[PDB]
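Following this are structure 1 and structure 2, which are two forms of one protein chain, each written alone as C-alpha cells.
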Structure 1
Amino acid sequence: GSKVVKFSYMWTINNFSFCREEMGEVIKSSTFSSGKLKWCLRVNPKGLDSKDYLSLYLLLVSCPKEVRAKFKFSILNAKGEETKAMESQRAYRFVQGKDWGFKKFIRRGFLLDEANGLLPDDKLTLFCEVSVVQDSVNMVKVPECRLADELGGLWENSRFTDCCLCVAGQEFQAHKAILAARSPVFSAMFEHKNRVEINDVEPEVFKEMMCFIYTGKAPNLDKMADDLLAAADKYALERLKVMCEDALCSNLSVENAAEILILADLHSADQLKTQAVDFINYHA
C-alpha cells in the first residue's frame, strides 16, 4: 500500500521591501520536518536569473541516504488564508542537497502593490505544504548528533590537553589540533613552545570564543556581542563573527547606530555595516 506524510511550514520575512538581495542572491529559512528528513525553503527576492519574480524552492537539507514529494506554496494574508498558490502536478524526487520549486512563483510588482495586501506591515508570510509518499513494501528512533557536546566537554574539563593559552595572566588548557582545525590564525601559530600568549581578548570573552571553537555555539554571545565580534575577527572565526553581527543588528536604535557603524567598519563586518547604514538613513 502507501504511507503518506503531510506537513506544513510557515515563514515570515520582516521588512521584505528592504531586502537588498539582487538577482541570483538567496535567503534560506530555518529547517523543518514532518515530526528522519530535514527540509527548508530558499527564496530569490529578485528571481534566479526572469528577475521580475520571486523564486521559491523546497530543499531537502538532510536525510539518510531518496524521497518522493508533492509540494504547494502560497502566501498568507492578515486573516491567515492562502492566496496565490502554486502547486506541483505530481511528486518530485529529492535527495540530500536537492531542490524543486517555481522559478516564477509570483510577480514582485503584484506582491508590492499594497492593493493586494500580501505584505501586511511589510512582512511576507510564505506557507509550504508537503506530501511525502512511500511504498509500504521511520520506525527506529535515532538520537540527535552529540558531537558538539562531547567535544565541548573536552574543553570544559580539560581532558587530554596539550598546550597552554595564557590570556592576560590566566592560564587555559586546550588542544592544538582542535584550535588549528577551527582557526586559520591559530593554525598559523602551530605551523611555525606549546604556550601561547594572548593580550587582545579579555578572559570572559575568551572563554566564550573557545566555547564556540569547541562546540559551534556561544550561549552568552548576547551580553558581549561587540567584544566577541572583535575577538572573532582577530582569530578569523568567520561564522561566529556573523553571529555577533546578527546580535548587534537587532539592537540597532537611534541612540546606538552611529557607534555600531564605527564598530562594523573597524572589524570589517560587511553585513552589520550595510544594516547600520540603512538604519541611519531611514532615520535621517
Structure 2
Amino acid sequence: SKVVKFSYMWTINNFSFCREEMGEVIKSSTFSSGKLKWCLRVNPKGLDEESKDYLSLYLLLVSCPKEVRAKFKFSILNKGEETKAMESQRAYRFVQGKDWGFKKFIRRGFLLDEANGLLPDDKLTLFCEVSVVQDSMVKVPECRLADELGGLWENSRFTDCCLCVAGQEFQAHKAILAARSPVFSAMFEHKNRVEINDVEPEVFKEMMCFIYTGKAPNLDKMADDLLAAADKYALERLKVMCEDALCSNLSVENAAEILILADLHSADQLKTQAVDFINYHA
C-alpha cells in the first residue's frame, strides 16, 4: 500500500466577469505531483438545469499510461483557510478522460454574497486535495522531437527547396512545411522555389521556427506581424498564441488599434476580448 497526496490551487479573477452560461465549463491547467496529468473543471452556473444556480466542480484525469483510485476534497480559500469543503467518502476510479466531483458544490447566491468573503476582490480561489491510493521508475528524458527538428532549420541540413523572402534565400524542407501548413501544402502538390513577399524576414524566421519546433521565442515582440503571417499561412495555433500575447497587453491605449488588427486577420478570441475591453472602459 502507497498513498500519494498533492494539492492544487486555482485562481479565477473577476468571478462575475466570466461569460460562461449554465452548461459551459472553465477547465484549469493540468498538474501532477512530479506520468498522470490532472486538472479541475468548473461550471460557473451548473452542469445542467437541475444545477443552474450552483457551481459544478470536478477533478478530471487528463492523461495517463492506459486506472487510478483517488480520494478528493474541494474547498474555497477565504487569510487562506478552508471554507465550504466537500470530499469523497471513498476513493473513486479514474481513467484517461474520466472525472468525478460535485454537480451541486455551492450556490452562486451564497458565493457571490460579500458577507461570506469567498470572493475577496471578486477572486475565487479553489483548492483541491487529491489522495491517490495504490497497492504494493527509470528516469525518462524529456521529449526532444521539437529540438532536433529545429536543428534541421537552424543549421540548414538535408534541405530540398528554397523559400525566397523579399530577395532573401532560405533553405527548408518541403515535407515539414507541407505537414505543418495547409497553404504550403497546396503549393507543393499543385516547384522548389517559393516566392514569399507578404512577410518581413525577421517575422518569417520566427514563423518558420514555429513550423519546425512548435515554439516561437520572440513572439511577444512582433505579435502583430506574426498574427498576420500565421493568418496568411493557416497556422492556427501560432495565430492563437499571438492572439493572447496581444490580449494581455490590451489597454485604453492600443485597444482600438488591436480591435482593427483583429477584425482583418479575423482573430475570433482577440476580437471578443477587445470589444469586451473597450466597452468595460467606455
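Only the largest set of C-alpha atoms that superpose within 1.5 Å between the two forms is called the rigid core. Throughout, residue numbering runs from 1 along the sequence of structure 1.
- The residue among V201, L118, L179, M209 whose Cα moves by 2 angstroms or more between structure 1 and structure 2, once the core is superposed, is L118.
- After superposition on the rigid core, the Cα atom of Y235 is displaced by less than 2 Å between structure 1 and structure 2.
- For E22, a C-alpha deviation of 2 angstroms or more is recorded between structure 1 and structure 2 after rigid-core alignment.
- The Cα position of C249 differs by less than 2 Å between structure 1 and structure 2 after fitting on the rigid core.
- In this core superposition, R90 moves its Cα by 2.3 Å between structure 1 and structure 2.
- In this core superposition, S131 moves its Cα by 1.5 Å between structure 1 and structure 2.
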